[PDB]
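S.K.: Okay, handing you the structure first.
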Amino acid sequence: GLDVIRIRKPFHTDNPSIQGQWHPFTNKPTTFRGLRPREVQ
Amino acid sequence: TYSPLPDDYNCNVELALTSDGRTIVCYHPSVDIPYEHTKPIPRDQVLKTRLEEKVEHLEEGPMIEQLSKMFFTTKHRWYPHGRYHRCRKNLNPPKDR
Amino acid sequence: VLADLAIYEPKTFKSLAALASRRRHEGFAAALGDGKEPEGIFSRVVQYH
Amino acid sequence: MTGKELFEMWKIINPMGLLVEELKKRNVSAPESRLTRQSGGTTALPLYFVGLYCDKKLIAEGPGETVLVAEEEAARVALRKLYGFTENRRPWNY
Amino acid sequence: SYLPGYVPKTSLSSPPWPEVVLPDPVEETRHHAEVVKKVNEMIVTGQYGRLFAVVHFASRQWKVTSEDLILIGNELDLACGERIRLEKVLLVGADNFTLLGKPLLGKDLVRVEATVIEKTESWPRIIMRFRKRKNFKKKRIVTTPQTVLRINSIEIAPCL
Amino acid sequence: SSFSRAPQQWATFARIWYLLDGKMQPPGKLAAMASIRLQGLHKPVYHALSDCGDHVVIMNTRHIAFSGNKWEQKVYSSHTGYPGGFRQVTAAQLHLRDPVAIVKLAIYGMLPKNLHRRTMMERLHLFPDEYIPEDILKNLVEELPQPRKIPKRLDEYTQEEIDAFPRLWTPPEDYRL
Amino acid sequence: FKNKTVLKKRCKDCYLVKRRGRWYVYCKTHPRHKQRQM
RNA sequence: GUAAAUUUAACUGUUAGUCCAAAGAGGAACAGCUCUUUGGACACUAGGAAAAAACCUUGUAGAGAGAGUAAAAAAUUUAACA
Ligand SMILES: [Mg+2]
Ligand SMILES: [Mg+2]
Ligand SMILES: [Zn+2]
């Protein structure tokens, strides 16, 4: 019954990620005590 | 002692080849952040404590400069738009997942 | 699908990057050896007939 | 029920309370909240990744724009992991 | 005693990249065997959920999961709601492990099960050609046939 | 990740404050990597319409280094449009007047020439010396590695390496030197 | 000085020196021999 | 190796032409000049040489959120002489 109009994205998934969607802190190492760069402590 | 990549930011990658040599098996368990690497969570006598509700009305200029400083943008994003564009906007956009 | 894995399957993409880096290192090793050393585990080519 | 989140179907108020209750009833030390990751902080658009640890073992992690909402999200993630209704769980068999 | 070929350490006496030594083949092969056995026992036990696959189909590569939908730009000679097996699986993976074909994984190892659920036409597409000052103008309207397939299941078997 | 939808979107599209150091670095390489970060081309979710730029905080911009004779060759040209507004200043003069202008101009040139360039420049932050405002320092994440390697002047060499490098020739005993 | 493309020594006291990126013929006894490469 | 050719019948339209390579002529061994010949391309598509007629890559038509390629990015820093 759906309209025959333009269909974006010729694929529809509801679970696009299984290992966790990328965020900037993926592939980012952690640091001792979580110190910021040039932190005086 | 040989690792293709540093093994300390996303997952512990271990590559392997099956005996027939026809397929590659990758073992990648996640790397968890150490507790040691984390950081702890940061922390009128006579009258009411009257709620301090002041909202100074800024005229359009200084208002837009304050917003631009706050969000690190320029003024053009904040200046308004006309009825033509305002009506051309789709108010019921398609929404997938 | 490489971009799809880079965005949605970061661990799988890291595995792929590790495999490619290993293949590059094996290529460098073969080039420097220049002899008839064993071809390399992941440098082996599956043949079809 | 195919493609919705646990707390999108079943609304809850205090995930931290539910989480500490579950940990207590399965004999686990109370979770400690810690700032695993942080970006910004002085700006109007900060990012806080708060991790919930138990006995110095990370049990959950959650992002947010404020530390409090990030901690609440981490609590919800821990609840999802504990009840098994997680995103990467085994899909239904038809 | 300097070897006949010793170069004093300068900025460019040696290549800038770090020296890399690859693992020896024998120990590395036994390591591969252990890793493959570990992944196999993970599969046997069932320590996975929500598999995903990269599948070749209709000249395309699709990253699909279970309960998925894909739109194929042609008719497929199949009645509606018909279950078929997608077979050319370039990749299958889950959390903590993934399997890579060279270039295709063995059919004994993984099955993709899909279902034809719709046979439709695309929205009308416009092909207009125009060349100026030469009176050149053509218009055509096309509707490519299409097939909507639902990915039902991705299954793996212990075979490594 | 089992995150909720809104926090997941926020985490994916959040902005990151990178730190970069001048101090004997080429302005061009600094600008190249800073421009990549400002455009957001380092993110795999990048798209020109997704507003995925990141903040770049560059410091010691007063202590950059130019290869060759660029300090005296390179000429920056501008025109105040009044008849005779054509001014041309060498890199030395421009650096002496403004200590961040050179790096700013390099990044501006490397950025894409569209309407997002000024927004990216607004997210870029430059500082001529070691001092950084406290709010920015509290925002910072990830000091990126420097492109150049600072070739380590002779007096900075240790005695171990000084004596480990062989002496190449035998001088005559009778030369004044 | 005289501008020249090809510099020539006209005296035995003439000497060539490269200063400011250009070659010069300087002569202390016959200053008419001063030449500047162009 | 190929598949076109000649004849018969019936006619229209083109007959104010440009660059490039090559062999020449005129002119200044000037011209985005003029005149012949041989061959391309343009007066039809697409990619490249910044924009682009004539240079280079490429032709036979549609859809694709696939893939392999074609052409395709200028290099150079010089004067001591008993
Ligand atoms: Mg002509
Ligand atoms: Mg064709
Ligand atoms: Zn002289």
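Going through the structure tokens in order, the chains are called A, B, and so on, while each chain numbers its residues from 1 and the ligands are numbered from 1 in the order shown.
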Using only C-alpha atoms (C1' of nucleotides), which protein or nucleic acid residues come within 6 Å of region 20-22 of chain A? Drop anything in the same chain fewer than 5 positions from it, and give the result as a list in words.
M.R.: residues 7 and 8 of chain C; 1 of chain F
S.K.: Ligand 1: which residues are within 9 Å, counting only C-alpha atoms (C1' of nucleotides) and all ligand atoms, as a PyMOL selection string?
M.R.: chain H and resi 18-19+32-34
S.K.: Which residues are near ligand 2 - at most 9 Å, using only C-alpha atoms (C1' of nucleotides) and all ligand atoms? Format: as a VMD selection string.
M.R.: chain H and resid 59 to 61
S.K.: Could you list the protein, DNA and RNA residues that have any atom within 10 Å of ligand 3, counting only C-alpha atoms (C1' of nucleotides) and all ligand atoms, and write them as number ranges by chain?
M.R.: G: 8-15, 25-35
S.K.: Figure out the distance between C1' of residue 2 (chain H) and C1' of residue 40 (chain H), please, to one decimal in Å.
M.R.: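 We find that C1' of residue 40 (chain H) and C1' of residue 2 (chain H) lie 25.3 Å from each other.
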S.K.: Could you list the residues in chain H lying within 10 Å of chain G, using only C-alpha atoms (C1' of nucleotides), and format the result as a list in words?
M.R.: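 Going by the stated atoms only, the list reads residues 79, 80 and 81 of chain H.
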S.K.: For N, CA, C and O atoms (P, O5', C5', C4', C3', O3' and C1' of nucleotides), I'd like the residues from the last selection saved as a PDB file, in the first residue's frame.
M.R.:
ATOM      1  P     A H  79      78.714  30.815  -8.818  1.00  0.00           P
ATOM      2  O5'   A H  79      79.948  31.375  -9.648  1.00  0.00           O
ATOM      3  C5'   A H  79      80.803  30.485 -10.355  1.00  0.00           C
ATOM      4  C4'   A H  79      81.933  31.214 -11.035  1.00  0.00           C
ATOM      5  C3'   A H  79      82.678  32.219 -10.163  1.00  0.00           C
ATOM      6  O3'   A H  79      84.061  32.214 -10.504  1.00  0.00           O
ATOM      7  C1'   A H  79      81.757  33.324 -12.043  1.00  0.00           C
ATOM      8  P     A H  80      85.106  31.411  -9.589  1.00  0.00           P
ATOM      9  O5'   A H  80      86.051  32.541  -8.993  1.00  0.00           O
ATOM     10  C5'   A H  80      85.543  33.570  -8.159  1.00  0.00           C
ATOM     11  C4'   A H  80      86.632  34.115  -7.273  1.00  0.00           C
ATOM     12  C3'   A H  80      88.041  33.894  -7.798  1.00  0.00           C
ATOM     13  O3'   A H  80      88.432  34.926  -8.682  1.00  0.00           O
ATOM     14  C1'   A H  80      87.912  33.230  -5.521  1.00  0.00           C
ATOM     15  P     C H  81      89.061  34.577 -10.114  1.00  0.00           P
ATOM     16  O5'   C H  81      90.578  34.253  -9.776  1.00  0.00           O
ATOM     17  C5'   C H  81      91.324  35.113  -8.922  1.00  0.00           C
ATOM     18  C4'   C H  81      92.645  34.503  -8.535  1.00  0.00           C
ATOM     19  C3'   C H  81      93.503  34.031  -9.702  1.00  0.00           C
ATOM     20  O3'   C H  81      94.876  34.250  -9.402  1.00  0.00           O
ATOM     21  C1'   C H  81      92.980  32.190  -8.296  1.00  0.00           C
TER      22        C H  81
END
S.K.: Mind listing the strand (DSSP E or B) residues of region 90-138 of chain F, per DSSP on the backbone, as an MDAnalysis selection string?
M.R.: chainID F and resid 90 124:126
S.K.: Between CA of residue 59 (chain D) and CA of residue 33 (chain B), what is the distance, to one decimal in Å?
M.R.: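 Atom-to-atom, CA of residue 59 (chain D) to CA of residue 33 (chain B), that is 10.6 Å.
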S.K.: Using only C-alpha atoms, find each residue in chain C having at least one atom no more than 9 Å away from chain B; report its shortest atom-to-atom pair and that distance in Å (one decimal), rows by chain then rising number, as CSV.
M.R.:
residue,atom,partner,partner_atom,distance
C:10,CA,B:10,CA,8.0
C:11,CA,B:11,CA,6.3
C:12,CA,B:28,CA,7.5
C:14,CA,B:13,CA,7.5
C:15,CA,B:13,CA,5.9
C:16,CA,B:26,CA,8.6
C:17,CA,B:5,CA,8.3
C:18,CA,B:4,CA,5.2
C:19,CA,B:15,CA,7.1
C:20,CA,B:4,CA,8.7
C:21,CA,B:4,CA,6.0
C:22,CA,B:4,CA,5.7
C:25,CA,B:4,CA,8.6
C:41,CA,B:17,CA,7.7
C:42,CA,B:17,CA,7.5
C:44,CA,B:21,CA,7.9
C:45,CA,B:21,CA,8.7
C:46,CA,B:22,CA,6.6
S.K.: Measure the distance from CA of residue 34 (chain F) to CA of residue 148 (chain F) in Å and round it to one decimal.
M.R.: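 Atom-to-atom, CA of residue 34 (chain F) to CA of residue 148 (chain F), that is 14.5 Å.
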S.K.: Which residues, written as number ranges by chain, have at least one atom at most 6 Å from region 69-80 of chain F, with only C-alpha atoms (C1' of nucleotides) counted and residues fewer than 2 positions away on the same chain left out?
M.R.: F: 66, 82, 85-92
S.K.: What's around residue 143 (chain E) at 12 Å? Count only C-alpha atoms (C1' of nucleotides), leave out sequence neighbours fewer than 3 positions away in its own chain, and write the answer as a PyMOL selection string.
M.R.: (chain A and resi 4-6) or (chain E and resi 73-74+120-127+140+146) or (chain H and resi 62-63)
S.K.: Please provide as a list in words all residues within 12 Å of residue 1 (chain B), with the sequence filter that same-chain residues fewer than 4 positions apart are discarded (counting only C-alpha atoms (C1' of nucleotides)).
M.R.: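 That gives residues 5, 6 and 7 of chain B; 20, 21, 22, 23, 24, 27 and 28 of chain E.
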